[PDB]
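Residue numbers for the sequence shown follow the working numbering, beginning at 8 and rising by one. Okay, structure first, notes after.
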Amino acid sequence: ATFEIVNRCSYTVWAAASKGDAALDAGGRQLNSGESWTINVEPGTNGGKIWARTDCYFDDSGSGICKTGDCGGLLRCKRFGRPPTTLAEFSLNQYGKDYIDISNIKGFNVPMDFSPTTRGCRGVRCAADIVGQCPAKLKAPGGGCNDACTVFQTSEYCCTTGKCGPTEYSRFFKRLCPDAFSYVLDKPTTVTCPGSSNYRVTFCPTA
């Protein structure tokens, strides 16, 4: 499956793609404002994620650091990134179908649209200004808006015991972005697409 990754932001981002124990495609690449990077993700990829990273420095070997979304200091990500990270999430060819969603469970750094390029389903979007409206105690001094699990490390925010409810913090993400996961047990906003769909992830989809 092809995922076109498009940076519409006015600033450079470093796209990342991983299923947590391995890179997807090259795993990561710089996208200046306007650039598009098309990756190929193996069919059957379960638990894949694509995100943006901001304010990165890499040396000639591709080791460095990013202020959001750093995945162990690598250009080419093999693992998930350091919150805060808006997440494009997907499982492909799961009993005949694809599943996609955007999640704010690991916080928010960059607005995102996640849409199929082929027929038979709809896209999802979290494009509100969450960083500028971020509650004071969630602001990440490094840039972005942390989720409350990252900030407070409690059973209620992290949903450790499997029994959490919505919170003042989750309700902020859900209010700004109704169509993205705000906490682990949020009512799902997952979209069912035909198996083997193709996709576009757009950073900063709106003005």
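We put the CB at the ideal spot given by N, CA and C, even for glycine.
According to the Cβ coordinates, are residue i and residue j closer than 7 angstroms?
i, j, result
"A8", "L94", "no"
"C63", "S25", "no"
"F10", "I46", "yes"
"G114", "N153", "yes"
"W58", "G69", "no"
"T161", "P90", "no"
Which residues in the same chain as residue i place their Cβ atom closer than 6 angstroms to its Cβ, once the five residues preceding and following it in sequence are excluded?
i, result
"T19", "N39"
"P118", "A134, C211"
"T197", "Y106, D108"
"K181", "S189"
"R36", "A22, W44"
"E175", "none"
"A147", "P91, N153"
Kindly give me the distance between the Cβ atoms of residue i and residue j, rounded to whole angstroms, as I take these residues to be in contact under 8 angstroms.
i, j, result
"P212", "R60", "That belief does not hold up - the Cβ atoms of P212 and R60 are roughly 18 angstroms apart, past 8 angstroms."
"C78", "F87", "6 angstroms"
"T125", "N205", "5 angstroms"
"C184", "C128", "With a Cβ gap of about 19 angstroms, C184 and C128 do not count as contacting."
"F121", "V13", "Incorrect: roughly 11 angstroms between the Cβ atoms, too far for contact."
If you compare alpha carbons, which of the options is closest to residue i?
i, options, result
"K144", "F179, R89, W44, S122", "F179"
"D193", "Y206, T209, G169", "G169"
"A30", "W44, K56, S43", "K56"
"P173", "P185, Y190, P123, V48", "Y190"
"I137", "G150, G80, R129", "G150"
"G51", "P123, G103, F159, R36", "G103"
"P142", "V131, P123, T92, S177", "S177"
"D67", "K74, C73, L82", "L82"
So who's on the other strand from residue i, going by DSSP bridges?
i, result
"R132", "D120"
"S40", "BP columns for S40 are empty, so no partner."
"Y206", "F10, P123"
"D32", "Answer by DSSP bridge pairing: none, since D32 is not bridged."
"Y64", "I72"
"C166", "The partner list for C166 (beta bridge, DSSP) is empty, contrary to what the question assumes."
"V20", "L38"
"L94", "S110"
"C78", "BP columns for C78 are empty, so no partner."
"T45", "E11"
"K144", "Beta-bridge pairing links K144 to no other residue."
"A59", "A22"
"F188", "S110"
"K104", "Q101, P201"
Less than 8 angstroms between C-beta atoms, sequence neighbours within five positions excluded: which residues of the same chain meet that for residue i?
i, result
"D32", "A24, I46, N47, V48"
"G27", "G54, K56, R86, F87"
"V131", "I107, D108, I109, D120, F121, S122, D186, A187, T196, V198"
"residue 1", "Outside the modelled stretch of the chain, which goes from 8 to 214, sits residue 1, for which no answer is possible."
To which residues of the same chain is residue i closer than 7 angstroms at the C-beta, ignoring the five residues directly before and after it?
i, result
"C166", "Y190, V191, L192"
"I112", "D154, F188, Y190, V191"
"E163", "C171, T174"
"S110", "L94, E96, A187, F188"
"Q140", "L183"
"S17", "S40"
"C73", "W21, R60, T61, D62, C63"
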